[PDB]
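Each remark here refers to the structure printed beneath this line.
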Ligand SMILES: Nc1ncnc2c1ncn2[C@@H]1O[C@H](COP(=O)(O)OP(=O)(O)OP(=O)(O)O)[C@@H](O)[C@H]1O
Ligand SMILES: Nc1ncnc2c1ncn2[C@@H]1O[C@H](COP(=O)(O)OP(=O)(O)OP(=O)(O)O)[C@@H](O)[C@H]1O
Ligand SMILES: Nc1ncnc2c1ncn2[C@@H]1O[C@H](COP(=O)(O)OP(=O)(O)O)[C@@H](O)[C@H]1O
Ligand SMILES: [K+]
Ligand SMILES: [K+]
Ligand SMILES: [Mg+2]
Ligand SMILES: [Mg+2]
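Chains as they are written, first to last, in the deposited numbering: chain A, 2 to 551; chain B, 2 to 289, 295 to 551; chain G, 2 to 289, 295 to 551.
This is the structure in structure tokens:
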């Protein structure tokens, strides 16, 4: 509050400082030989090595400093919410790339640094190694992500490897015993969830369990312009077609804005005769689809529940026993996601038939398009359709040791899911070195464009400096070890590039990441570089801080 | 609070400081190097490049400093509320002109600087290109504002060019398909809305749709002093003249205070025989400039009434109930079905407004008077369009929706506010021209030289117009060759800028870089006023009472 | 709040400081010649020698310091909640091992120090001496843990030795007389209690005493979703199978929510013919690890049932009503009369649990898994005893109650887990042994020397085990004046300590100085973990979000 507008040297100075402090703090936790961080919270101390936990909990006293800290940390926090891993690497690159931008100021270099790094990202995306559940490397991924758990990696790799032909959705509950206990189910993690907490059991976003329903899938996003179409629709079914109707009526759609949610709350109050044990007879259910990819996923939700597909909300009126079909199965609605369990063999014929239709669409398209987003999304549909819900109940000697073991399970599930989903890359901070050193040699060697490539990147000094960045992770991991010469030097020659040598920080043996089984998820380490670049550019190109509150 | 009256050197010192800090902050958000600003708000950080956002959110700790900051920033904030764009330019000039006033002190120079800049403003107003929808430059504007979208610019420029004779109001919805889909209507976004949520369908501010009505436009603001005139009025129509009357009865007015709204709720309860499906047969409708109601009157065939008591003395001559189609709303009402009988009455009324603008000065053509009258025309002759944007994902759609909305805003304000060549050029041409005109006119060249040229003002004012062009294209290849000293005659004839998106050099006309005239003119108008103020303040009072 | 992120040298500096201050404070209280600590609390002063009390009550003013203090002390506090003793030793090792980690930095040494100490832990677990109640050493343990109470050790050692064939559960009440008074029972403190006060005698949570019943153990937690399954279940037994049924019907389960409790109140009102002296014929009983219900099932001849709906499908085969004697209670239920027919079923079940532990790893013998299973055994076989401690005053009684409870905890864990020779010796033997084993085994001696001996670790780890023996017997006749004490082979074979009570020198085995193994092992286990943490922390965060 002494000064509320920082500009120029002063502002960048703060950014450089905050970035250095956050970098030093978070990167100290890297690998299994990561050092620890003690964190206050009222009257307790959390000791931890988890980058996402350290990053999220760092705080600065000065408003100006925290202002910047929020920009550095929120992108790290955004990685684990989506990718499930790789915040530390993001911050490390955010730092390293920031200094790269500053070392080559002037906003022609910036255009070039963006272009060069963007090409390095493509070379990672190509390097990505895709794998099947049978593959032995999934263990090695799980092992790396479980902080070297010889026990768990085996279990979860088996679960995936044993169900070859179906991709297991996994849940986690805090168990009771010292030993774990597994429960394999026919359930499906469906992507629908409550529009408003009021529609649940107890009217506060609880987990409503049902043994019968009548769903209807709408496509449109719903807002104040749909409130009348709902009133006409709902009362047309509850008046005319109440005979053949099992409650509740599920209205599954793209989005339910608050103007329409409050309309359907009063439509529930309109017919109090149909309320059983508090359960509202009508529930709006939203999905994070959107776009054309978004239409197909609702079609899956429609097929699983026997509900018809409807383009408009006004189509609710013109319906008949032909188009209305109320199921007597079993469904568990939830705020995060809904889950189906009881599926009559009558239904599973409809589902497997629908899944074959999707499989046939992929059988008749190009090999290049087989690795597209189109194909990958369609396989994401199949595995929703034919998914084997598993519930593991984790256990242990205490309460806290159980809840921590639950977290370590969830880390591994996230890792393995995204491994087969997205790809795996060789670890030990190597893939980035290969990706950069490669991207340089490709443009430097291509005679066609070598002319200008040299002018932009090599001759300017950028290319050289960008090679030195990829070394950072490999240095942070394996400085202060036998793999490095005492003075700190480590040569990244052609011989290294062909067979890159890392050290397993668990055992102590030296070897290749492929040989030693050290692997990273590709979506993490790619998103790390993508996000690192964006948020580095921001920091590097900010010249004004405003702490004015008004 | 240590001292509550600053006078003289001390006061100007504060002003110069605050102005410099605000100038440096806001002008840094212009260009290819154009820098960002990180802004606090409780427990969040807004990163932004938007001048109006930066200006509005700048704060100073010292009372004395913020006192001045309020004067510098409020005129920037006032530009985007009216013009829609151009705050950064206003502040830039406010700064540059302030120093001009201070470099030539003594209040004969000030009279001359005002006079000279006022003449430069006239030379801009003349330079203004009023662009019609047919014009090919609207594409080029849309193209620039769409980040070089070869596809969209075409579509939206066509939409505007294809409806020659009506100005399309455009809405945007997040669609479902990979492809976009357009829905054209003959509708008009009318400025009337519910006085009370009770009068809507379902009695809670919903969207009541109608296929017939009988409107009546009153002028007065309505409160507790009008409750009796309404009771006399409403029952006089519903009793005497019910035969020739389609429900509902719309009572459009300036303002309906809650004392009168509760009276009309009971007047609806008075005649329950006229209630169809819950729809109340009487709706009060308010509007946020007395002739905008005259437009609302003409669109719906309702008569204009000065007093509420005039409701009684009416006849079939003055009562006319429409059987069209109307969608009432809490934000705004929308008309759709318009019989060709009506659209003759509307187009005739629009011509009457157009004729009023044909017989008045060029300086007044950029007034609020003229601009408001054109706002009326486009309400009268408007066509509602709903585009549903689509794409392969969710985020790519919602981002494409934003890129559409940027283009609509640009094209609307382009034809609305008139177009000038961009790249900080038009000001250079306008100043360098104004000098050469007075310097070359032998009649008045005598005194013109004494006032402006010989004093040193003219020279220094040319140097100011260069500011924007410098701030944009310093640190680029366009200033690598010659440098700063090259605004020669050859430049003036074919002014050379750089498209900061692509990287190519060329004319603003060639490269499609254009500014709205009302923005860049208002910038200079406001910049001068608020520069004069700052330059001629010698006392700060932080006495709060 | 001056700074909210400490990193590197600064952070470790704080840790080293806080650890030293806590070490000096707590280790000063060691043994019976332990020095004292005066502790504030509002308007009082607790003088004490109790490590757990000192550790728990230490406070630091600086947030940064207490942040670390919480990490050092919570593991000490966690030992006495589980083990019943040995916090001081934990902290002492936490300190000593921390400095070991720091003396050999680089995280290959750390891997080796962990591996070496982990092997020393195994050598303790093997050294553990297991004891039966008849054994004379239980006295010697009790004597050590009772601060040399010649009177008490005898009593409690007799109580355990006299009930050879049953493990006495012991309670403590603040008595009235100068003399103590013992009350032996055959009973079993069972973990079941009333779900609702209404089901007791007098319908207000009283102590209902019975001489016959028919129990049924359900597993599920019960709520509004089980009310129908109960109505079907209860009436199926009371109608079909009433002949072979002694009232009341006990429904033992995990949890009874209020929705189900009110259902069973009306089911009691349904059959008023079965009400004897107010006693409701049906009582729901809750418990705060699914096999603890299996114990409750086996003690009362009731069957185990997974679902509430399983109540219907039952027969004389599965229904067995006892005619023993049971005292229900709001805190806990108590069994007394057990026909020798039953105690055959119970002892057989207890052997089944004992057999499960007999084929368990030695490391897992000190787990929570094993310790919980022994908690089951002692519920099953035990003879509840209530001692009422007495004395000359109030405070001398309540303090004598605490000294009893210390001894009970010690003796229980002694026979439960094992005993080790005291005087800070067993650790010296365990380390010096572990070295000589690996150093002497030709097979692995090659690499063993490279890792531990040649690096310097092994040497330094031998010097740590000496710490406790030094802290106890420095400043005594057993140590040479200058402070030197030689731990040669001759010492290792017959280790020489001093009884700090009497003053005589001799072996721990000879002088009767013994430690509980689970304490001194858990001390080293926890000491290593929390030393590693402290040694490998480089960042303190005092940020509140
Ligand atoms: N046993 C190992 N030997 C060598 N390198 C390893 C080993 N295990 C993991 N790594 C490497 O360490 C890095 C992983 O860092 P770390 O797990 O500390 O943070 P992160 O995975 O980036 O994100 P988070 O901190 O959220 O886990 C990767 O480069 C990985 O290849
Ligand atoms: N008469 C004695 N002579 C010599 N050493 C003894 C005697 N009695 C106890 N000790 C020793 O003192 C140590 C016990 O320390 P102390 O009881 O002060 O703390 P602790 O057992 O670690 O935990 P707590 O402080 O909670 O009791 C053991 O090494 C034990 O052998
Ligand atoms: N591609 C371009 N090349 C050259 N000049 C541009 C380009 N795009 C925008 N400009 C000019 O730079 C100015 C920057 O706008 P902005 O910083 O938002 O100022 P304001 O907030 O005052 O409108 C615009 O008013 C426009 O005249
Ligand atoms: K980590
Ligand atoms: K003690
Ligand atoms: Mg990792
Ligand atoms: Mg002790």
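In this text, a Cβ means the ideal position worked out from N, Cα and C, and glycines have one as well.
**Message:** Check for me: the alpha helix (DSSP H) holding residue 463 of chain G runs from which residue to which?
**Reply:** 463-479
**Integer Cβ distance of residue 169 of chain B from residue 160 of chain B, believed to fall under 8 Å** = Contact holds; Cβ gap of about 6 Å.
**Asked** Name the DSSP bridge partner or partners of residue 222 of chain A?
**Response** A:256
**Prompt:** residue 103 of chain A CB to nearest chain B CB: under 8 Å?
**Reply:** no
**Asked** Using a C-beta to C-beta distance shorter than 7 Å, which residues of chain B count as neighbours of residue 290 of chain A?
**Response** 400
**Item:** Contact test: residue 88 of chain G Cβ vs ligand 2 heavy atom, cutoff 7 Å
**Value:** yes
**Request:** Return the residue from the list B:108, B:20, B:111 and B:106 that minimises the CA-CA distance to residue 71 of chain B.
**Result:** Comparing Cα-Cα distances from residue 71 of chain B to each of B:108, B:20, B:111 and B:106, the minimum goes to B:20.
**Message:** Distance check for residue 39 of chain G and residue 45 of chain G, CA to CA, integer angstroms please.
**Reply:** 10 Å
**Prompt:** Which runs of the beta strand (DSSP E), 3 residues or longer, sit entirely within the segment 8-93 of chain G?
**Reply:** 38-41 and 46-49
**Prompt:** When the Cα atoms are used, what is the spatial distance from residue 297 of chain G to residue 395 of chain G?
**Reply:** 34 Å
**Message:** Can you confirm whether the segment 455-469 of chain G touches the segment 99-117 of chain G when touching is taken to mean that 3 or more C-beta pairs between the two stretches lie within less than 8 Å?
**Reply:** yes
**Prompt:** Is there at least one non-hydrogen atom of ligand 4 closer than 7 Å to the beta-carbon of residue 50 of chain A?
**Reply:** True, at least one ligand heavy atom lies under 7 Å from that Cβ.
**Prompt:** Would you say the segment 442-456 of chain B touches the segment 132-151 of chain B, given that touching needs at least three Cβ pairs under 8 Å?
**Reply:** no
**Request:** Would you check whether ligand 6 has a heavy atom nearer than 7 Å to the C-beta of residue 147 of chain A?
**Result:** no
**Request:** Please name the residue or residues paired with residue 170 of chain B in a DSSP beta bridge.
**Result:** B:390
**Asked** Any idea which residues DSSP pairs residue 216 of chain G with across the strands?
**Response** G:251
**Item:** Residue nearest to residue 125 of chain B in terms of C-alpha spacing, selected from B:295, B:492, B:423 and B:66
**Value:** B:423
**Asked** For residue 339 of chain G, which residues does DSSP report across the bridge?
**Response** G:191
**Item:** Contact set between residue 108 of chain A and chain B, taken where Cβ atoms lie within less than 8 Å
**Value:** 33, 34 and 481
**Message:** For a test of the three-state rule: what should DSSP assign to residue 297 of chain B, helix, strand or coil?
**Reply:** helix
**Prompt:** Exposed or buried, which one is residue 474 of chain B when buried takes at least 16 other CB atoms within 10 Å?
**Reply:** buried
**Asked** Taking Cβ to Cβ, would you say residue 304 of chain B is nearer than 8 Å to residue 338 of chain B?
**Response** Contact flag unset, no.
**Prompt:** Beta-carbon separation of residue 251 of chain G and residue 284 of chain G under 8 Å?
**Reply:** yes
**Asked** If we cut at 8 Å on Cβ distances, does residue 532 of chain A have a partner in chain B?
**Response** Answer no: the Cβ-Cβ gap between residue 532 of chain A and chain B never drops below 8 Å.
**Request:** Just confirm the distance between the C-beta atoms of residue 308 of chain B and residue 253 of chain B, as a whole number of angstroms; I'd bet it's less than 8 Å.
**Result:** Yes, residue 308 of chain B and residue 253 of chain B are in contact; Cβ-Cβ is about 7 Å, under 8 Å.
**Asked** Interface residues of chain B around residue 3 of chain A at Cβ under 9 Å?
**Response** Taking a Cβ-Cβ cut-off of 9 Å, the neighbours of residue 3 of chain A in chain B comprise 62, given in sequence order.
**Partners in chain G for residue 37 of chain A, counting only beta-carbon separations shorter than 8 Å** = 539, 542, 543, 544 and 545
**C-beta atoms of residue 520 of chain G and residue 388 of chain G nearer than 8 Å** = no
**Message:** Please report whether the beta-carbon of residue 551 of chain A lies at a distance below 8 Å from any beta-carbon of chain B.
**Reply:** yes
**Request:** Please compile the residues from chain B whose C-beta is within a distance smaller than 7 Å of the C-beta of residue 222 of chain A.
**Result:** In chain order: 175.
**Item:** Per-residue DSSP class, three states only, for residue 544 of chain G
**Value:** Judged by DSSP in its simplified three-state form, residue 544 of chain G adopts strand.
**Asked** Roughly how many angstroms separate the alpha carbons of residue 218 of chain B and residue 246 of chain B, rounded to a whole number?
**Response** 16 Å
**Asked** In chain order, what residues of the same chain lie with their CB nearer than 6 Å to the CB of residue 34 of chain B, ignoring the 5 residues before and after it?
**Response** 481
**Item:** Identified DSSP bridge partners for residue 503 of chain A
**Value:** A:512
**Alpha-carbon spacing of residue 145 of chain G relative to residue 258 of chain G, whole angstroms** = 48 Å
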